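Remarks on the structure that follows.
Chain lettering (A, B, C, D, E and F) follows the sequence in which the chains are written, and residue indices restart at 1 in each chain.
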Amino acid sequence: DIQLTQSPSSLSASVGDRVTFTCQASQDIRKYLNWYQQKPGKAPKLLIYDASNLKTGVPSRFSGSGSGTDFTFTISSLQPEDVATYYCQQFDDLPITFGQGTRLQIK
Amino acid sequence: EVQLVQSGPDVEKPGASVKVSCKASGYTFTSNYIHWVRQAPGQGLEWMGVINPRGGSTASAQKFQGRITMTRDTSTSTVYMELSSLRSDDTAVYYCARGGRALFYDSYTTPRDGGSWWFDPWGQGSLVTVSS
Amino acid sequence: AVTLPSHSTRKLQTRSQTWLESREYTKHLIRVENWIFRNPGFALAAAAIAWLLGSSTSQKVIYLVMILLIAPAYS
Amino acid sequence: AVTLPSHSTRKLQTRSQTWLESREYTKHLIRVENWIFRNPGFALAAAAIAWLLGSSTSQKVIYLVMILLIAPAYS
Amino acid sequence: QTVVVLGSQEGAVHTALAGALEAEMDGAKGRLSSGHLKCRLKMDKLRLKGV
Amino acid sequence: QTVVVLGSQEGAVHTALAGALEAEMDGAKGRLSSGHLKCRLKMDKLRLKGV
């Protein structure tokens, strides 16, 4: 039932910017977090498993880090096809909790 | 390819029960836990529960024990989730995706994760609307 | 707070069934049964104790019953 | 519903005080005390029983303790 | 100081009665079953109706 | 034949727990306040700082 706060609520940036997202769990989830971006009503695009790892097929502009409970997602270069709602997901103890979300807007 | 495909949108009455299908393709059906995850339109994601397509065992969240039931079909490689005692809060979009290290049953917590923890398979989703 | 007056001490013997009689006439026996399942070595210990008392070979069994029913209940 | 596993069977002996130790080390004795206050004739009955077993004049007292601690608890 | 309420003793006393006789009570009027009574019958006012 | 609720047995379980050790919760961490530990102890790297 671990509460997973996702900061901030929504953002906006221009094409080619670096942006960071924070997810903080109330308890220790040490490396058990992963990251979604979901285009609205569509099949999504893949970001991060195990809080630091990219999957094959994902472009390398996405990255993730975080050790204890604070986790930082990082887009190096924002692109116009990266507008989505960004989620983070706990792995531990199995009332599996998602973040509230992080929306982006193209400037 | 490795893909989960669901049924179409449904419109049900409050107090009834809805059934959503989830058919697999491109992988061994008895090797990946099917997790069901809801999403209200004005809210983020919320994990409903988990079935193993091998042996048909279930588990789910505290907000839905007693209201949700998950069955399987190993022949057609399909997963059925039946949500009973529907209310106006259940108007949402329902998802179903894998997550591996799905060897025996239940959950598999402390062993390995990731690599479509349940990311990949999701497909089109199922809109479920509960009204009159 | 240990509500020690078990009312079986002063049970009433009237023609109706009592408050918990059906679940009462097995409970001490299955308590002793669970205790000797959880502590099997005290059977051998109580045998070695009770063999040292009485020297009669029929009082030995009496001391066995005495010790092995003391040890679950008043213990 | 008789919650028969008294956890004193498996008490932990660690350096802190236990859950109810202060009220635990008197409770069986004062239960037997209240029982023999309420049933004084069973003392004379158990004396007449225990005098018939053992024939040793020091095993008699042992059978007295055995019967008079069976009768409150395992009864 | 661990100050413990020590809870609720319903099942404690319900286990503690195993020789009780359940009655029921309504406006006080405690009605009771499992009684016995030594009423001695007197005959000789009885008579067969129409022999 | 009637049914009988035997009632809340919470205090009877408290009296049955005479022998357990307490603990606490911090969120999900079960904090135990009892217990021991054996430990070898390397005093190799100690200076007195004030010789």
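In this section, a residue touches a chain if its C-beta (ideal position, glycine included) is under 8 Å from a C-beta of that chain, and two chains touch if they have at least 3 such contacts.
Of all chains shown, F has the CA centroid lying nearest to the centroid of every protein CA atom. Over half of the residue-numbered contact pairs of C-E are shared by just one pair in D-E, C-F or D-F, which is D-F. Put simply, the chain farthest from subunit A by mean CA position is E. For the pair subunit D and subunit F, the distance between C-alpha centroids works out to 31 Å.
Once the centre of each chain is set as its mean CA position, subunit A and subunit C turn out to be 64 Å apart.
Separating the CA-averaged centres of subunit A and subunit B is a span of 22 Å. Shared interface positions of subunit C, defined as residues touching 2 or more other chains, are 1-6, 8-10. Among the residues of subunit E, those touching two or more other chains are numbered 6, 9, 11-12, 14-15. Of all residues in subunit B, none touches 2 or more other chains. Every pair of chains that touch is listed here: A-B, A-F, C-D, C-E, C-F, D-E, D-F, E-F.
Partner subunit F is touched in their complex by these residues of subunit E: 2, 4, 6-12, 14-15. By the touch criterion stated above, subunit F contacts subunit C in their complex at residues 11-12, 14-15.
Chain contact summary for the complex, subunit D toward subunit C: residues 1-2, 4-5, 8-9, 23, 27-28, 30-32, 34-35, 38-39, 53-54, 56, 59, 62-63, 66-67, 69-70, 72-75.
The residues of subunit D lying in touch with subunit E in their complex are 1-3. Those residues of subunit C that touch subunit E in the complex are listed here as 1, 3-12, 14-16, 18-21, 24.
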